[PDB]
Amino acid sequence: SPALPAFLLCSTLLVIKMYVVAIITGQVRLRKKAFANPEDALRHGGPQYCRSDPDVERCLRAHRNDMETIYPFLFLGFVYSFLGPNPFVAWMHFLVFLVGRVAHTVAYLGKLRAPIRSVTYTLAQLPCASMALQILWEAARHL
Amino acid sequence: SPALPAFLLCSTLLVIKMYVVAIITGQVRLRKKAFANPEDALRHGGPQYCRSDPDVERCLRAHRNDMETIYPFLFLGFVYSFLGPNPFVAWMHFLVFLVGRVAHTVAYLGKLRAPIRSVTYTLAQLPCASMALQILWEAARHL
Amino acid sequence: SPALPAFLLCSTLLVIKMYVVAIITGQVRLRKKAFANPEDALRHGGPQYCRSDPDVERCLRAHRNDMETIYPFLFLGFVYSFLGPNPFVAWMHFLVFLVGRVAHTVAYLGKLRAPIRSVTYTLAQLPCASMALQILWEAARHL
Ligand SMILES: O=C(O)[C@@H](c1ccc(OCc2ccc3ccccc3n2)cc1)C1CCCC1
Ligand SMILES: O=C(O)[C@@H](c1ccc(OCc2ccc3ccccc3n2)cc1)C1CCCC1
Ligand SMILES: O=C(O)[C@@H](c1ccc(OCc2ccc3ccccc3n2)cc1)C1CCCC1
Ligand SMILES: CCCCCCCCO[C@@H]1O[C@H](CO)[C@@H](O)[C@H](O)[C@H]1O
Ligand SMILES: CCCCCCCCO[C@@H]1O[C@H](CO)[C@@H](O)[C@H](O)[C@H]1O
Ligand SMILES: CCCCCCCCO[C@@H]1O[C@H](CO)[C@@H](O)[C@H](O)[C@H]1O
């Protein structure tokens, strides 16, 4: 598929981007001394450190939003790649998603003013919606 | 694959169904004035609106359950499609999952009496379990 | 693909492992009488049972970590299988992930001392990182 290399590049970068969030989460837990498990807290200073922290919670929300958005893209974009779309159009779909999602993480973890984060979220969803509809038509017509 | 069009139809509809939940979540946050981020709250009335809401939490639980169930289906159903199953049997697997999952969201967000939601959850898991076992046998025998 | 049977075996076992966590979660909710929904609580003893429980929360954290790690593997490992890697090397990637993830669930739900869980988490991520980089190179060179 001509679109597949671009899809695999963008998707893998987004998986790596999620791994970055996972690592940041751990770093914040250690720095802020905020653990979700007693066994963790007892290792890292005592039971008083089994507690919630706003920065940790923020990291978790960013990671969750990633899972809600990037995982569908992994599916939709893979299938879309094999439908034989216009190369440039396909690239635009993938680039809008990649840029939008990277911007989303920056806006979330960087605590940027509203509605920057929400805009990046919505924007990145648009190529996903587009791919979804295209797959729907292709699937339905092949029934 | 003869089963693949039906799989792609059901899967894409389920992705769209998850997007519907994502949009509803936002609508409920705005209507109930309940935001998870201070930057959101300050935009939408003040810091007192950085708060939890039962309806918002319900939306999040529905979306989470979707991610726990639909994402495995996206994987299992794709692989299963290429194993050359009986067309009608394959359709039944996909339809049970689709109907069960749509019913699940309705039961969750509609606050239907127990155990309606839990039944739909369990029911929809059954075709997934079936596909999983079939893939296990095929994979193992090809080792 | 020569690596594909091993990938499909390990992946399906991990999906089943996640289903086990889902079932355990339900069992713990019923045993500890801790429900997230009023409709559930009213069915199972009264409104006082709409409450949080540490064991339930632990189950949810284990399931969430699974979704953060196993879902990327489902994607990365599938693509990696088609890149024509060394059979034994591919097997090692998949086995390290499988063993690491099973150990992770045991360490989490079994409340094993730190840093056993965190080590298993980190260890299992290493083959994923490896596959991600390999896909990046292949994708980039095919642009
Ligand atoms: O939740 C936990 O178990 C801990 C924890 C432990 C390890 C973490 O990143 C590993 C990781 C994540 C992603 C990777 C991607 C590629 C390669 C290695 C990777 N490695 C994060 C949190 C925290 C709580 C106690 C101490 C920190
Ligand atoms: O969490 C947030 O960032 C906000 C928010 C912002 C946007 C939302 O839906 C976008 C969306 C979702 C799914 C889509 C699927 C297809 C096409 C467009 C799509 N667009 C939801 C919540 C809420 C908090 C502050 C205001 C609401
Ligand atoms: O959250 C809920 O809806 C309930 C609930 C209900 C059912 C559950 O496992 C089903 C399941 C899960 C995974 C499967 C995998 C294969 C085959 C059947 C499978 N079946 C768990 C929790 C709990 C709250 C009220 C009572 C328990
Ligand atoms: C893909 C991973 C991107 C990580 C984005 C990290 C954004 C760091 O941005 C930082 O955010 C802080 C608030 O959290 C601010 O105090 C700093 O001014 C800002 O530099
Ligand atoms: C795929 C998306 C399906 C959305 C299902 C929304 C269900 C709306 O159902 C509504 O639920 C309310 C309680 O929340 C009740 O007050 C109403 O009687 C009922 O109509
Ligand atoms: C793939 C699913 C694996 C489930 C792992 C369950 C681990 C059970 O392990 C149990 O944990 C208890 C604490 O929770 C301890 O009291 C027990 O000593 C221990 O046997």
Side-chain angles (χ1 to χ4, degrees), chain A residues 15-16 18-31 33-37 39-41 43-44 49 56 59-60 63, chain B residues 61-62 64-65 68-69 72 76 104 107-108 114-133, chain C residues 13-31 33-37 39-41 43-44 49 54-56 58-66 68-69 72 76 101-112 114-133:
Chain A
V15 170
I16 292 162
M18 286 186 61
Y19 291 161
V20 167
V21 171
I23 294 157
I24 290 166
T25 303
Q27 291 173 329
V28 174
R29 283 199 179 276
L30 284 158
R31 191 177 70 253
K33 302 187 84 62
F35 308 98
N37 302 294
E39 64 268 29
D40 302 343
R43 173 107 166 94
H44 293 287
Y49 300 119
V56 174
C59 285
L60 263 59
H63 202 163
Chain B
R61 284 192 303 277
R64 186 179 164 157
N65 188 270
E68 290 170 1
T69 58
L76 292 169
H104 186 273
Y108 219 154
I116 295 163
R117 188 198 74 253
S118 295
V119 166
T120 68
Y121 168 37
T122 307
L123 192 91
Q125 289 305 81
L126 293 172
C128 296
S130 177
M131 290 184 296
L133 292 173
Chain C
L13 287 169
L14 286 160
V15 170
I16 292 162
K17 187 226 69 66
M18 286 186 61
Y19 291 161
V20 167
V21 171
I23 294 157
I24 290 166
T25 303
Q27 291 173 329
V28 174
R29 283 199 179 276
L30 284 158
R31 191 177 70 253
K33 302 187 84 62
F35 308 98
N37 302 294
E39 64 268 29
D40 302 343
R43 173 107 166 94
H44 293 287
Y49 300 119
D55 290 342
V56 174
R58 176 177 293 275
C59 285
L60 263 59
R61 284 192 303 277
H63 202 163
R64 186 179 164 157
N65 188 270
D66 285 355
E68 290 170 1
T69 58
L76 292 169
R101 286 314 306 177
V102 170
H104 186 273
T105 303
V106 170
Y108 219 154
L109 301 185
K111 309 176 187 180
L112 294 185
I116 295 163
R117 188 198 74 253
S118 295
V119 166
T120 68
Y121 168 37
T122 307
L123 192 91
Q125 289 305 81
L126 293 172
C128 296
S130 177
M131 290 184 296
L133 292 173

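Atoms within each ligand, like the ligands themselves, are counted from 1 in listed order. First the proteins, then the strands, lettered A, B, ... as listed; each starts at 1. All values below were derived from every heavy atom in this structure, side-chain atoms included, with hydrogens, water molecules and symmetry-related copies excluded.
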for atom 10 (C) of ligand 1, nearest protein heavy atom and its distance come out as C/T122 OG1, 3.5 Å
ask   = Is any side-chain heavy atom of C/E68 less than 4.5 Å from a side-chain heavy atom of A/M18?
value = no
closest protein heavy atom to atom 5 (C) of ligand 6 is C/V106 CA, 4.1 Å
| said: Less than 6.0 angstrom from the centroid, inside 45 degrees of the normal: does B/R117 satisfy that with respect to the ring of B/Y108? | reply: yes
In this structure, atom 10 (C) of ligand 6 is nearest to the protein heavy atom C/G110 CA, 4.3 Å
Do C/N65 and C/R101 get their side chains close enough for a donor-acceptor pair, meaning under 3.5 Å? yes
My question is simple, although I want it checked carefully: is atom 15 (C) of ligand 6 less than 4.0 angstrom from any protein heavy atom? no
Per-atom filter on ligand 3: closer than 4.0 angstrom to a heavy atom of B/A129 are 16 (C), 17 (C)
Quiz item: Hey, is ligand 6 close enough to C/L109 that some N/O pair sits below 3.5 Å?
Solution: yes
- prompt: Does an N or O anywhere in C/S118 fall below 3.5 Å from an N or O of ligand 1?
  reply: yes
*Side chain to side chain, C/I23 and B/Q125, heavy atoms closer than 4.5 Å*: no
Under 4.0 Å from one or more heavy atoms of C/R117, ligand 1 contributes atoms 1 (O), 2 (C), 3 (O)
Under a 4.5 Å cut-off applied to non-hydrogen side-chain atoms, are C/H44 and C/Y49 in contact? no
Self-check item: Close N or O approach (C/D40, ligand 3; < 3.5 Å)
Solution: no
Quiz item: Does ligand 3 have any atom sitting under 4.0 Å from a heavy atom of C/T25?
Solution: no
Is any side-chain N of the basic residue among A/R29 and A/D40 closer than 4.0 Å to the acidic one's carboxylate O?
no
Open item on the list: Closer than 4.0 angstrom, basic N to acidic O: yes or no for C/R58 and A/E39?
Closed with: yes
Quick note on ligand 3: atoms under 4.0 Å from a heavy atom of C/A22 include exactly 21 (C)
The protein heavy atom nearest to atom 18 (C) of ligand 1 is C/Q125 CB, 3.7 Å
**Item:** Min side-chain heavy-atom separation C/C59-C/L109 under 4.5 Å
**Value:** yes
Nearest heavy atom to atom 25 (C) of ligand 3, choosing from B/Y108, C/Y19, C/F35, belongs to C/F35
A student checking ligand 1 against A/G26 at a 4.0 Å heavy-atom cut-off should list atoms 21 (C), 22 (C), 27 (C)
Margin query: Would you say that C/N37 contacts B/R61 through its side chain, given a criterion of any heavy-atom pair below 4.5 Å between the two side chains?
Written below: yes
Looking only at protein heavy atoms, what sits closest to atom 11 (C) of ligand 1 is A/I23 CG1, 4.0 Å
Smallest heavy-atom separation, C/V56 atom then C/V28 atom, equals CG2-CG1, 3.8 Å
Closest to atom 8 (C) of ligand 1 among protein heavy atoms sits C/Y121 CE2, 3.4 Å
